[PDB]
Amino acid sequence: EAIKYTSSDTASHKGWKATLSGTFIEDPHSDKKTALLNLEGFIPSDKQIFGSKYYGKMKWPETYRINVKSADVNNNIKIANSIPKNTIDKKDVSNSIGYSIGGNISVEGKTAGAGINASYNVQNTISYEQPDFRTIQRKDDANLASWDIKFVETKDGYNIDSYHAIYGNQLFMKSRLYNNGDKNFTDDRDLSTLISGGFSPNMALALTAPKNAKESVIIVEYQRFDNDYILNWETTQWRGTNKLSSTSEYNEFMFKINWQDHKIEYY
Amino acid sequence: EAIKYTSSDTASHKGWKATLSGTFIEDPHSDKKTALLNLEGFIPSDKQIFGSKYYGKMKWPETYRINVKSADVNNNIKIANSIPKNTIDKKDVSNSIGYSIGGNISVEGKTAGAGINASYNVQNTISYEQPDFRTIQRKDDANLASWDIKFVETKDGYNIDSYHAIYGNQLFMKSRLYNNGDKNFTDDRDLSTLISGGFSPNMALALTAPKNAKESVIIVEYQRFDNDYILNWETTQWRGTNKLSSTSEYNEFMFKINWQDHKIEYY
Amino acid sequence: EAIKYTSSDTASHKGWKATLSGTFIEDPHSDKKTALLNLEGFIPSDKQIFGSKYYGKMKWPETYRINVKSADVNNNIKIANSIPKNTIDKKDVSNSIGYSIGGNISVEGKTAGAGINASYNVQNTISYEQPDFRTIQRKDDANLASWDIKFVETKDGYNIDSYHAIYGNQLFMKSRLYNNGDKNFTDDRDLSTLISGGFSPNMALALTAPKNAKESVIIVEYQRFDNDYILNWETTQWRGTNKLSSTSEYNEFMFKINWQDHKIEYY
Amino acid sequence: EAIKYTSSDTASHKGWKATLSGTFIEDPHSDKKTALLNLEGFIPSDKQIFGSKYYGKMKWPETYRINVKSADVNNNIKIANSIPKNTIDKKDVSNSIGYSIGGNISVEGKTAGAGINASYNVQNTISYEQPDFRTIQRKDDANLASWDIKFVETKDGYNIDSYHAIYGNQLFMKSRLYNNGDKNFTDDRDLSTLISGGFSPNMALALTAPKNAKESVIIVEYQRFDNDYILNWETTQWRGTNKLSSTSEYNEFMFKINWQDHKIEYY
Amino acid sequence: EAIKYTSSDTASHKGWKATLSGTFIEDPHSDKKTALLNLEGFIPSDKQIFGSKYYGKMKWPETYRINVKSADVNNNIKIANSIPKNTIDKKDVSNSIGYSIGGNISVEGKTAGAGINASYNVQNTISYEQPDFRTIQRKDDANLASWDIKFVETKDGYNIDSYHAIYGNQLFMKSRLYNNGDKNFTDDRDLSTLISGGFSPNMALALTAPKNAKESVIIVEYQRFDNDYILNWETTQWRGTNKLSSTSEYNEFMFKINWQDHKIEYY
Amino acid sequence: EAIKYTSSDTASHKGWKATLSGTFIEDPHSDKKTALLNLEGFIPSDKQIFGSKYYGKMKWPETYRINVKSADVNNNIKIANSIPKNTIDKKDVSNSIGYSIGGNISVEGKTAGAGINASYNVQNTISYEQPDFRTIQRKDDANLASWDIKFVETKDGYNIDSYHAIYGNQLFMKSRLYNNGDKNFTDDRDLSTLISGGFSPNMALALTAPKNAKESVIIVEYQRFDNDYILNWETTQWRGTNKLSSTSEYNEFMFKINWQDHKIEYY
Amino acid sequence: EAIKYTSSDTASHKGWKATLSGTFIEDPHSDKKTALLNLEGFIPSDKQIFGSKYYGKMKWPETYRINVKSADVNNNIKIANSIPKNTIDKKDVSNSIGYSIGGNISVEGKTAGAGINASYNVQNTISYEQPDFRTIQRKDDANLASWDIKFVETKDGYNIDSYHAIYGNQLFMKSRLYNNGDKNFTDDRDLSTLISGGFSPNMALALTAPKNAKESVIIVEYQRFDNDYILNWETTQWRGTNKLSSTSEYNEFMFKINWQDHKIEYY
């Protein structure tokens, strides 16, 4: 014998975008009037390239950061549960131990030989699954919920800290020594969809309020940390090296909810 | 206690085709009157072949591009969520380290020998899944949603940038040196269904409008980028090489929705 | 508050068979009166054998072709969505790089030796799934929807274009050199069920019509392309070779739908 | 606003058995009065053994055959869809290409050697799934639906056509040379459940009739084809060889359906 | 507009146990009044051990046998469908063919050698799944339904017919030569749960009766076949050998169903 | 048209705990008034350690035992079905047979050699799944249902009967020769959760009673069998050996059900 | 015919956080008035780093501990079932035994040799799944339910007890010898999400109370055990070693439930 009052609003600002889509609950048997909100937005990657014959520079997003802040004026409302949350990672382990025995019979020009062979074997394999981007929940309190989406490594197997005395960091290197700066960066074909184009997020969260509920304020804060990766032609081959955050683009989105009118709005 | 008003319309123009099938929602408990639209269309590949005894030319689609544009006249309506969206790619990693020891006993003509052997092993395997066509979401704002469907590589393992000093790019090469131009291209048997015949798309999107809702306009824009791949007989063997976009076929489809009459129409 | 009016009809003609089973929708909240049709028919393979002591000839279906054509007299009705549709194919890739080091100690008749060994390893595996028959959607417009079901290759790993200087095409060869013509063809045991007996199809499609809807016409067209594969005894062993379409059996089935009476009929 | 009239009947005759369990549909919105029937019966294998010290003979079923025939007196009723139907078989393919390089350092009695090694690797694996009995749909028309269930091969990997100069066909051979005729046949432990005891079938089928519907007749025809496999002791070892159909047991079951009374009966 | 009349009864007799739990159906639209019965009972294994210093004897169940017999007095009622039923077994097959080429360079005391190597590879693997106990349906008629649950082989890979000149049958042998008779049998730890303790069954079956339905009789017959496996100390090592059925415990359970009163009872 | 009367009670006694949560069924169409009970309790492991510099002793649970006893005073009530029950274990078998042929060409100081090589391969692999604790149903009658949960073996691969002349039983040994008694036992990190902390059970069971149903009594009996495993420092290395049951902790819990009042209670 | 009264409350205290979200049940057919509570909270990891050129110190959580305590004043209420609970761990075992035979033919300078080779193979592999954090249920009584979440080992394969004479414990070591103290710790990229940021828990539990139910008290107690892991530069390479609990942060949260008012509150 409860009623549900849906509502939603969205804002863009510079092509970022946040969709705040909420559902209010006025259950009579529940002492506290609760609501739950889904954040189904989008945020660009802005993968940009600058190059020449002997030099390249690809700007790309190393890590995204989305924080949702609640703010009750009377300070009764509190973000209860916040999805997504962290999970214990699993790894497949397998050990083996074998033994092989045998012998042989040989002959070469009226001289017959023969032999015996014994061997022992051991191997410890360890499989597991690694995502191209690790999504860790950084903070989660009564009025804050932060999430980071940070780059792990490429399908090729290169990370931000990779280093080779000759080629430097081989991250995003199409060719060790062939094509020029702008054409030497990895094509969107093989890249992770997160870097190729805008990606993320999907964050849900329930907030419990009293029957008094008049007004509350949620605030969505996107922050994209852009690393600059450069290619320097060292005469014989390409030598890549990765710098970091020259500028970190940031956009906040203020959402206000009215509980008496059962509506959600921007600003 | 809400009502749902379905509606749909379709247009073809030159054998492309777009199916706009929407469902309106007039929920009283929802302050904003929202609708959601599914785009279940079709678009041809137009795989064409031209050849001779010593020359071939297969035109094929390298990448498709579908952009949906909303346009509110009062500018209240805003495309909230847009499916499909990007996902973090997963890769299976597995490392192993073993050690094998043993020995032997031999003899050859009244002379007995024997030996010992020790060995160590290490291997770092990295499995993952690669689609024949990567589907990346390029843009997604308050009035635009672009998606690209670009070619990754063949089951054989060849990409657009593949090169061999002798055979050139072996993409779509049936035989290195046997049959003639027109007959040397890969048969539809082994090809990806996307190139063999028309394929794509499936894009959903919700747009939130106020109670005032009178008129809005959605616009579906298909664009197919056709690469020309040619085969040149270099006396002893075939030498393939891949050019690009000579002409890029494009088709727009204007859909208009009336919210007061609860109907969707073309133009 | 909508009503659904089911209806169905079937025809055989020469043992082919088409089942047109439709469901009409008279939704008041939908401006256009829509219907959806499932095509759950059957079509024979007609695998026939002719042989002798030193000669064989198995006729078999290389590719099936099913096209559904809509035809509105006023030209308001248009086939909206058509199932099945094409899907981006996925392939499993896995690369590995290892290194193994060790040594040994030996002795043979008062002379002790010893050694060291180092080795490096690399392997690039590529797994994927190939169907015995690729089902590609060829065309899909406002009044046409064509589908092809073409033969890929045998479980043994032979295709239509396979060739060996000695045995020729080993497709459907039970024995290289043992049994005679009629008995040398592959038994239905190991064959694909599509060739062993009749198979296919399953094609659904929705067509949107206005409230005016009086009459429409759907037309199912089956076409089976039969390749003739022959075995010629070349004295020492069998030499198989594959010709093509001597005759291509074809059957059309005219279905007419009345929307005012809510019924479907043949002719 | 439709009504469903269930009904069922079963008959045995010699321990075979057929269960005809139907459901009639009197939908007012459907112009044609349709029914659907499930055939959930059973049929024995009759695996029999006859043997001695130096001779054996196991009779077993090579292939089953079930055909369902409809017969309308006015000839209005027609079996629309018939389950099961054939499916395109899938096979997993995987190709790999590697390269391993290295070297060594050796010494034996004041004489130090050393070396280099290079190697290349290629492998084309092809996995797939093979059932012990292939179920192919042979025929399917307006008044007939035939299905065959034929033996493929054993888990050991032997088929009907297997041959070895010494042991002959090793199908169903427990021991090459040890135990006597009757005791030399494979125990029901390792055998396929289809041969060990009676097995099959499960066949569904819908038939569409007009409102006039008075009477129709379905007919279930089982036929079991029994191959005789014999073991002849050739002094040193067992030599098996497989003959075929000495007698093929057959049983028909006439079912009649009354649509005016909404009942199904035998004969 | 039908009614369902549940009912159930159970009996034990010597710790065996049978649960007959039925559900009657009085559907007006169905001409025949049908019922369906589930048999969810239990039956002990009675794994018993007798031993000494140099002798052992473990009694264990080789195969279970459950037969359900129906008996209509007027002979109208007939067991229609009977679960479980047999299924076609599937096996995974995989074939591979490779080729590896290379060479080497060597030197030992002012004498440089070198070489070439070529190799070819082929392998035919066959995987499949084997249950510890094969459940085959032996008979199924109008008034009988028999099922056998027979022992296949151990996880170690030993069957009833295994034989070794020295150790004899190694079935259920904990140690080849260490501990004494009673302590030499395999502990319940590694054994199959079916032999460790009582196990089975689960058999369902539908019987169709006319409206006249007054009385029917079902009869559940359990039979456990116990093989005696003995261990004889042959001085140096253990020599196991397996006899068979000394006594086969059997228990019948008479259930009678009243359809007029809608109840099921024992005796 | 039936009614369901839920009820529950729980008791602890010494930190063991049993949750008896039942649901009664008063169906008018069912002649017998039936109930079903779920047993979702908990029982401690009591893993205790006692040690010194040269001696250790870890007490741990080898096997748990839970028996549920019903007791009707008039003796009408009988435990019908009892979950969990035993299942036939499955094992994956795979056999392979290959053959590799090749040759070589060599030369060392104006003396050219060459060779041929042939090889054959066979391998019989057998995979399966083994739980750390086998759960076998020991007994199941009209008034008793016993279940055992016994230890199989460690992930490392050691069982209760493992023995090594030097280290003895390596079960639960952290180090062969390094740390002292108390610190030498395996940390809860790698241990099975059943031994690390309390675990089990989950047992359901239905009991059928007549309409007369006044009172019945269920009785839950836990029994934990504790094996004492000791470590004795044999000067150079650790020598572990496993004793058994010094004391077996036991706890009974009497539950009584009133069917007239539709309630369940303790004692 | 029952009623459900939801309710919830949350508290933070120092950025920890506990969400107590309960659902009361007032079923008339149930003698005892029961409730069930879900604990969907969050708790920080507080991974802190302190370092220099030749020294590092990363504080991290080794194990979490969550205990829920119930407290009835009249002492009628008792926590019945408590989720999560422990599960028997499964391990995949596989054994293999092969044999390979062959021979060779060689020749080197007018001297032809030849040989035979025989070999035997055995291998016992054991796969299983190990979580980065083992979640064991420590205690569960009538008024207490404790759960531990303890660290197992890294994806690399290092545990708390790992030791190497040279590098010490390689846990969390980015480089053996390259970068300095603060920069030498493992980046959040590769770390387990539990340590990178706050994680856990999710614990449900049902408590059965009588109709009298006036007040009860639940108490959530978080305790995080922080191990200090340090890196000491031993001139040539890094030597890591792991200390333990310097301080163990702890936070309790008192929740009180009123059953007469059907509400849950903090303190």
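Residues numbered from 1 in each chain as written, not as in the entry; some residues may be left out. Chains lettered and ligands numbered in written order. Heavy atoms only, no water. Residues with missing side-chain atoms left out of burial classes, pairs and counts.

## Brief notes about the overall build of chain A
Phase 1 of the analysis: Regarding its fold elements, chain A presents one helix and 15 strands.
Phase 2 of the analysis: Whereas a compact globule of 267 residues would reach a radius of gyration of roughly 18 Å, chain A reaches 28 Å, over 25% beyond that.
Phase 3 of the analysis: For chain A, the C-alpha atoms occupy an extent of roughly 105 × 55 × 25 Å along the three principal directions.
Phase 4 of the analysis: Long-range contacts, defined here as pairs at least 24 residues apart, represent 67% of the contacts in chain A between residues at least 6 apart. (Helix = DSSP H or I, 4+ residues; strand = E, 2+ residues; numbered from the N terminus. Rg over C-alpha atoms; globule rule 2.2 N^0.38 Å. Contact = heavy atoms within 4.5 Å.)

## Some thoughts on the UniProt feature "binding site: Mg(2+)" (unreviewed entry) in chain A
Phase 1 of the analysis: Under the present numbering, the feature "binding site: Mg(2+)" (unreviewed entry) in UniProt falls on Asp9(A).
Phase 2 of the analysis: Counting through the fold element by element, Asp9(A) comes out in strand β1 (residues 3-11).
Phase 3 of the analysis: Those residues in contact with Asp9(A) that lie beyond four places of it in its chain are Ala18(A), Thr19(A), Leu20(A), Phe255(A), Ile264(A), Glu265(A), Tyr266(A) and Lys78(B). (UniProt positions renumbered as here; feature names shortened; annotations may be inferred.)

## Quick look at the sheet that holds strand β1 (residues 3-11) of chain C
All names here are of chain C.
Phase 1 of the analysis: Within the open sheet, the five strands sit side by side as β1-β2-β3-β11-β6. Their pairing is antiparallel. Every interior strand has two partners, whereas the edge strands, β1 and β6 (78-83), have only one. The mean angle between the axes of side-by-side strands here comes to 20°, regardless of whether they run parallel or antiparallel.
Phase 2 of the analysis: The sheet contact formed by β1 and strand β2 (residues 18-26) spans nine bridges and is antiparallel. Within the sheet, the bridge partner assigned to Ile3 lies in β2 and is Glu26. (Pairing = 2+ DSSP bridges. Axes fitted to C-alpha atoms, helices over the stretch in contact; angles between N-to-C directions.)

## A short note on the environment of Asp140(C)
Phase 1 of the analysis: Locating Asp140(C) in the fold gives a position in strand β9 (residues 133-140).
Phase 2 of the analysis: Separated by 75 residues in the primary sequence, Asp140(C) and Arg65(C) have C-alpha atoms spaced 14 Å apart.
Phase 3 of the analysis: Apart from the residues lying within four places of it in its own chain, the contact partners of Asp140(C) are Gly15(B), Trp16(B), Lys17(B), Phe42(B), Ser82(C), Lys85(C) and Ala145(C).
Phase 4 of the analysis: A distance of 3.2 Å separates the side chain of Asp140(C) from the side chain of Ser82(C), its partner in a polar contact. (Polar contact = N/O pair within 3.5 Å; in protein donor to acceptor, adjacent residues only side chain to side chain.)

## Some details on the relation of the copies chain E and chain D
Phase 1 of the analysis: Between the two copies, chain E and chain D, the superposition gives an RMSD of 0.0 Å; the rotation angle is 51° and the shift along the axis is 0.2 Å.
Phase 2 of the analysis: Little of the interface of chain E is mirrored in chain D: 11% of its interface residues are interface residues there too. (Least-squares fit on C-alpha atoms.)

## A short note on the interface of chain A and chain G
Where the parts come together, the accessible area they lose is often given as the size of the interface.
Phase 1 of the analysis: Chain A puts 55 residues into the contact, and the matching count from chain G is 58 residues.
Phase 2 of the analysis: Looking at the side of chain A that touches chain G, the elements with two or more residues in it are β6 (78-83), β7 (90-108), β8 (112-131), β9 (133-140) and β10 (144-151) of chain A.
Phase 3 of the analysis: Ranked by residues supplied to the side of chain A that touches chain G, first place goes to β7(A) with 19 residues.
Phase 4 of the analysis: Here the residues of the side of chain A that touches chain G sort into 16 nonpolar, 22 polar and 17 charged. (Nonpolar A, V, L, I, M, F, W, Y, C, P; charged D, E, K, R; others polar.)

## What about the pattern of salt bridges?
Oppositely charged side chains can form a pair if their charged atoms are brought close together.
Phase 1 of the analysis: A salt bridge links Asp188(C) to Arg138(D); the shortest N-O distance between them is 3.2 Å. Placement of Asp188(C) in the loop between β10 (144-151) and α1 (193-196) and of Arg138(D) in strand β9 (residues 133-140) is noted, with the two residues assigned to different chains.
Phase 2 of the analysis: Here the residues in one salt-bridge network are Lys150(A), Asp161(A), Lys174(G), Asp187(G), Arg189(G) and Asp190(G), joined through shared partners. (Salt bridge = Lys/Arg side-chain N within 4 Å of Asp/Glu carboxyl O.)

## Quick look at the pairing of strand β14 (residues 248-258) of chain E
All names here are of chain E.
Phase 1 of the analysis: Bridging between strand β12 (residues 215-234) and β14 involves eleven bridges; their strand directions are antiparallel. Within the sheet, the bridge partner assigned to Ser216 lies in β14 and is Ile257.
Phase 2 of the analysis: Hairpin connection between β14 and strand β15 (residues 263-266): a loop of four residues separates the two successive antiparallel strands, and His262 in this loop has a positive phi of roughly 55°.

## Points about the sheet that holds strand β1 (residues 3-11) of chain F
One key point about sheets: their strands pair by backbone hydrogen bonds, in either a parallel or an antiparallel sense.
All names here are of chain F.
Phase 1 of the analysis: Read across the open sheet, the five strands follow the order β1-β2-β3-β11-β6; overall the sheet is antiparallel. Both edges of this open sheet fall to β1 and β6 (78-83), since each of them pairs with a single strand only. When the angles between neighbouring strand axes are averaged without regard to direction, this sheet yields 20°.
Phase 2 of the analysis: Pairing of strand β3 (residues 33-39) with strand β11 (residues 203-209), which is carried by seven bridges, proceeds in the antiparallel orientation. Within β11, the position partnered with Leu36 by the bridge is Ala206.

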